[PDB]
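Colleague:
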Amino acid sequence: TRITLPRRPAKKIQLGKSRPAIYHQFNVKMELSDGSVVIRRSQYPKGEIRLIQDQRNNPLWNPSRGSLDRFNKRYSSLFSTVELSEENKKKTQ
Amino acid sequence: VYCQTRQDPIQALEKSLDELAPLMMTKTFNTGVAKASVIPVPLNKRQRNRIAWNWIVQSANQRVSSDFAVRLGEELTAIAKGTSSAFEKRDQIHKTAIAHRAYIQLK
Amino acid sequence: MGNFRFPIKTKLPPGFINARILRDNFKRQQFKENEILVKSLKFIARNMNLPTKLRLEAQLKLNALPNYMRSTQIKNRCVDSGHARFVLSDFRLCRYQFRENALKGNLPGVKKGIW
Amino acid sequence: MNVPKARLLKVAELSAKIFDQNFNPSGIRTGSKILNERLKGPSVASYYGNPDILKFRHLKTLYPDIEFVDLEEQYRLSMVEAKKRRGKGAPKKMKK
Amino acid sequence: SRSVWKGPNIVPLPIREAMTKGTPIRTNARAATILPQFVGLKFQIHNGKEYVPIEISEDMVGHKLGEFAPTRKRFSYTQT
RNA sequence: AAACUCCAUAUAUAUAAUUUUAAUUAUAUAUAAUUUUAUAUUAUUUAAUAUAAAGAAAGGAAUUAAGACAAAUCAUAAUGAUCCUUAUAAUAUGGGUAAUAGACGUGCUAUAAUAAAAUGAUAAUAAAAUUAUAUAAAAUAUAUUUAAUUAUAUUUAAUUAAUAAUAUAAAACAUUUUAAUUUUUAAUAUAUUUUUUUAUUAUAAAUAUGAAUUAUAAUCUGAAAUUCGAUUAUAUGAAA
Ligand SMILES: [Mg+2]
Ligand SMILES: [Mg+2]
Ligand SMILES: [Mg+2]
Ligand SMILES: [Mg+2]
Ligand SMILES: [Mg+2]
Ligand SMILES: [Mg+2]
Ligand SMILES: [Mg+2]
Ligand SMILES: [Mg+2]
Ligand SMILES: [Mg+2]
Ligand SMILES: [Mg+2]
Ligand SMILES: [Mg+2]
Ligand SMILES: [Mg+2]
Ligand SMILES: [Mg+2]
Ligand SMILES: [Mg+2]
Ligand SMILES: [Mg+2]
Ligand SMILES: [Mg+2]
Ligand SMILES: [Mg+2]
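As given, the protein sequences belong to chains V, GG, NN, XX and SS, one line each in that order. According to PDB author numbering, the stretch in the first sequence is residues 20 to 84, 96 to 110, 122 to 134, in order. According to PDB author numbering, the stretch in the second sequence is residues 141 to 247, in order. According to PDB author numbering, the stretch in the third sequence is residues 1 to 115, in order. According to PDB author numbering, the stretch in the fourth sequence is residues 1 to 96, in order. According to PDB author numbering, the stretch in the fifth sequence is residues 9 to 88, in order.
1. Since residue 46 of chain V sits in a beta bridge, which residues does DSSP pair it with?
2. Name, please, each residue of chain SS whose Cβ falls closer than 7 Å to the Cβ of residue 77 of chain V.
3. Determine the chain V residues that contact residue 62 of chain SS at a beta-carbon separation under 9 Å, and present them in chain order.
4. Looking only at its chain, what residues have a beta carbon closer than 6 Å to the beta carbon of residue 73 of chain NN, apart from the 5 residues adjacent to it on each side?
5. Does DSSP put residue 33 of chain V in a helix, in a strand, or in coil?
6. Give the DSSP bridge partners of residue 68 of chain V, in chain order.
7. Can you tell me which residues form a DSSP beta bridge with residue 166 of chain GG?
8. From the DSSP output, which residues share a beta bridge with residue 50 of chain SS?
9. Please report the distance separating the alpha-carbon of residue 40 of chain XX from that of residue 32 of chain NN.
10. Just to make sure I have the definition right: I need the residues of chain SS whose C-beta is within less than 8 Å of the C-beta of residue 70 of chain NN. Which are they?
11. Which residue wins for smallest C-alpha separation from residue 50 of chain SS, given the options SS:87, SS:65, SS:58, SS:57?
12. Against chain NN, with Cβ distances strictly below 9 Å, would residue 37 of chain XX count as a contact?
13. Residue 127 of chain V touches chain NN at which residues, Cβ-Cβ below 8 Å?
14. Which class does residue 33 of chain SS belong to by DSSP, given the choice of helix, strand or coil?
15. Look at the Cβ atom of residue 166 of chain GG, then the Cβ atom of residue 220 of chain GG, and state whether they are nearer than 9 Å.
16. Taking CB distances under 9 Å as the criterion, tell me whether residue 92 of chain XX reaches chain NN.
17. Please report how far the alpha carbon of residue 25 of chain V lies from the alpha carbon of residue 63 of chain V, in whole angstroms.
18. For the alpha helix (DSSP H) that contains residue 47 of chain NN, what are its first and last residues?
19. Determine contact between the segment 45 to 63 of chain NN and the segment 6 to 20 of chain NN, defined as no fewer than three beta-carbon pairs at a distance below 8 Å.
20. In whole angstroms, what is the alpha-carbon distance linking residue 106 of chain NN and residue 79 of chain NN?
21. How many Å lie between residue 59 of chain V and residue 75 of chain V at the Cα?
22. To the nearest angstrom, how far is the alpha carbon of residue 102 of chain V from that of residue 127 of chain V?
23. Does the segment 62 to 78 of chain XX come within contact of the segment 75 to 93 of chain NN, defined as at least 3 CB pairs closer than 8 Å?
24. Could you check the C-alpha separation between residue 78 of chain V and residue 41 of chain SS for me, to the nearest Å?
25. Does any C-beta atom of chain NN lie closer than 9 Å to the C-beta of residue 70 of chain XX?
26. Can residue 110 of chain V and residue 72 of chain V be called in contact, C-beta distance under 9 Å?
27. Spell out the partners DSSP gives residue 93 of chain NN in its beta bridges.
28. So, are the CB atoms of residue 129 of chain V and residue 23 of chain SS less than 9 Å apart?
29. Can you name the residues of chain SS whose CB is closer than 7 Å to the CB of residue 64 of chain NN?
30. Residue 107 of chain V and residue 48 of chain NN - do their beta-carbons sit closer together than 9 Å?
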């Protein structure tokens with residue numbers, strides 16, 4: 020019933036001979052939303068990443084400073122504010 | 141058929157039908173709620189040739205080609221030359237008719 | 001209101017009156033009244049050439065038009081009875097009712113289909 | 001179609017000018033089919049009949065001399081009277 | 009209006025007041041196309057019986073309001 | 001019951017200035033048959049079989065009695081009794097009638113070669129019926145480099161009709177193709193099977209069947225297509 024990987028005999032690490040797990044890590048450049056680059060060590064092999072949604076473009080982190099897209103595309107000739126004002130009578134609710 | 145064996149094809153077919161068509165059939169009956177006593181019954185010309193044709197068709201359907209017309213023609217030529225399981229079936233029918241000699245009513 | 005079912009005082013049709021019939025008739029009258037206007041509004045709406053704001057306004061107006069302005073809302077009732085199934089247009093009658101009339105001789109010519 | 005296109009278009013435009021019919025070479029939705037449709041309203045309105053038809057009420061107006069009897073109405077009245085008599089009349093309507 | 013030309017299916021609503029002050033819009037339309045002008049407005053769309061509260065995300069922009077208020081109850085069988 | 005009746009048939013007459021033409025027609029009025037006659041062969045003057053000569057002469061529809069089934073209908077409609085009368089009567093907005101475990105009828109499409117698909121413009125061959133709450137021709141544009149086909153859009157020519165349109169009927173028939181099928185292909189030669197033959201090499205249980213199911217894009221009707229409509233395209237390609 021319980022899904023498992025059944026253990027083999029464990030390998031005896033002798034006292035003193037235990038070595039620390041130094042994983043393989045690359046120096047990875049993260050360019051944030053704006054052009055601020057930051058180096059971070061990372062295990063996945065990718066020298067450069069550029070981020071779209073970060074703290075540097077989120078309103079919470081700087082208060083002082096594709097269905098919708100599809101809709102925009104195929105109702106473009108009409109150009110859809123003035124339109125809101127036209128189609129917003131607040132009597133019926 | 142004609143191309144394979146150069147002699148009137150219609151006549152040859154008619155001959156084949158005559159050969160193959162079993163002259164009588166052991167028709168089954170209920171027989172007043174008892175043993176189903178079979179009787180030899182004579183056949184109309186059409187019935188005789190109808191029996192023959194179905195067998196001919198069956199034997200043609202065992203031949204190779206895509207076109208049925210070709211298969212049919214090959215079968216007809218074979219029958220003209222003198223080789224079929226249809227003949228064997230006819231013989232068997234005749235043997236079965238021969239058993240039940242006096243089961244015929246009017247005699 | 002109290003004095004009438006619908007907004008506008010329309011006449012009752014002659015002969016067989018029914019609630020459904022009454023409802024239909026009124027609707028038909030309102031359609032007849034406001035046919036040209038509706039057409040004009042539709043035209044204004046479905047126009048690539050005209051200003052978009054105007055077409056939007058026309059569309060809104062069309063949307064806001066009542067139940068009784070709609071052509072699609074009209075349903076051919078039987079006139080003798082008040083049924084709305086198998087209503088033949090050539091004599092505004094229901095199936096059974098038509099047959100009854102036909103056999104009597106009310107539809108002048110209609111007669112048994114003998115071939 | 002060996003004959004040129006532009007010439008044919010010009011001819012078509014000329015023909016359109018001659019008659020009243022419009023000339024739409026681009027093939028854009030003009031809205032012509034909305035208006036040009038014959039309006040069917042009066043015929044639709046005339047479905048149930050002529051509402052001004054003579055009734056029993058009028059048969060008193062036209063011929064006061066003849067004391068007519070509407071039979072169905074009289075029957076209905078008699079039924080109502082019978083209902084009243086045997087305690088099966090309509091309950092009095094609420095006003096509020 | 010489905011066809012790309014002549015769309016979308018626009019209906020009158022109390023939109024601007026909802027935008028100013030968070031008052032949900034009780035729609036009995038169900039055939040009004042959602043627009044970009046109301047994403048993040050609270051709608052209360054009719055279900056036949058009871059009005060259904062929905063907050064319109066940016067994924068809903070193409071669809072009708074009635075598509076998010078499911079009218080029939082989820083079918084089951086009484087295993088007797 | 002049969003017969004008179006209608007449709008259809010054959011013939012005759014009438015009418016149609018044979019551009020509303022289809023006279024090879026349409027429609028009024030007749031006549032015509034529930035066919036007749038004779039020679040024979042069986043059974044008793046007749047009746048069935050056969051043969052012959054005379055004829056266009058052969059069908060379908062409507063009509064389904066009395067009684068019964070307390071058969072069906074108070075949801076075509078009406079009426080008796082009974083019940084409701086601020087509600088069981090009346091109007092609007094939305095939803096439902098299209099819900100889905102199993103089951104039951106009717107159909108449709110299928111499971112490929114006596115059977116499916118492409119194509120066929122001096123356009124192979126019909127009938128019946130509809131078009132003032134309309135029928136929509138030609139032609140242009142897009143899907144689509146030619147164009148045709150099919151589908152939409154553009155715009156209404158003609159006719160409210162033996163005159164124009166719906167509408168070049170379709171199977172048929174003919175060439176081509178067709179996996180399962182190394183029962184084929186293509187490289188060489190080969191030749192009096194040349195849209196083909198032979199030789200030697202390589203070509204290793206749902207398809208080039210079916211069209212359910214779904215994704216996206218468009219179009220149509222309508223004021224409105226989410227529940228819940230119809231097309232077209234590009235994919236998807238269950239079961240059988
Ligand atoms: Mg009779
Ligand atoms: Mg002629
Ligand atoms: Mg009877
Ligand atoms: Mg009963
Ligand atoms: Mg009964
Ligand atoms: Mg009653
Ligand atoms: Mg009633
Ligand atoms: Mg009520
Ligand atoms: Mg139903
Ligand atoms: Mg049935
Ligand atoms: Mg097939
Ligand atoms: Mg055309
Ligand atoms: Mg014509
Ligand atoms: Mg053709
Ligand atoms: Mg299978
Ligand atoms: Mg297929
Ligand atoms: Mg197919």
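Just so it is clear, CB atoms sit at the ideal spot from N, CA and C, and this is done for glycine as well.
Modeller: On the basis of the coordinates in this document:
1. As a beta-bridge residue in DSSP terms, residue 46 of chain V pairs with V:60.
2. Here the premise fails: no neighbours, minimum Cβ distance about 16 Å.
3. By Cβ distance, chain V contributes nothing, its closest Cβ being about 15 Å from residue 62 of chain SS, past 9 Å.
4. 27
5. Residue 33 of chain V: coil per DSSP, three-state reduction.
6. V:49
7. GG:180
8. Note: residue 50 of chain SS sits in a beta bridge opposite SS:63.
9. 8 Å
10. By Cβ distance, chain SS contributes nothing, its closest Cβ being about 14 Å from residue 70 of chain NN, past 8 Å.
11. SS:65
12. yes
13. 53, 56, 57, 60
14. strand
15. no
16. no
17. 29 Å
18. Premise fails: residue 47 of chain NN is in no alpha helix (DSSP H) and is neither H nor E.
19. no
20. Rounded to the nearest angstrom, the two C-alpha atoms are 13 Å apart.
21. 17 Å
22. 19 Å
23. no
24. 30 Å
25. no
26. No; because the gap between Cβ atoms is not below 9 Å, this pair is not in contact.
27. NN:88
28. Yes; because the gap between Cβ atoms is below 9 Å, this pair is in contact.
29. 20
30. yes
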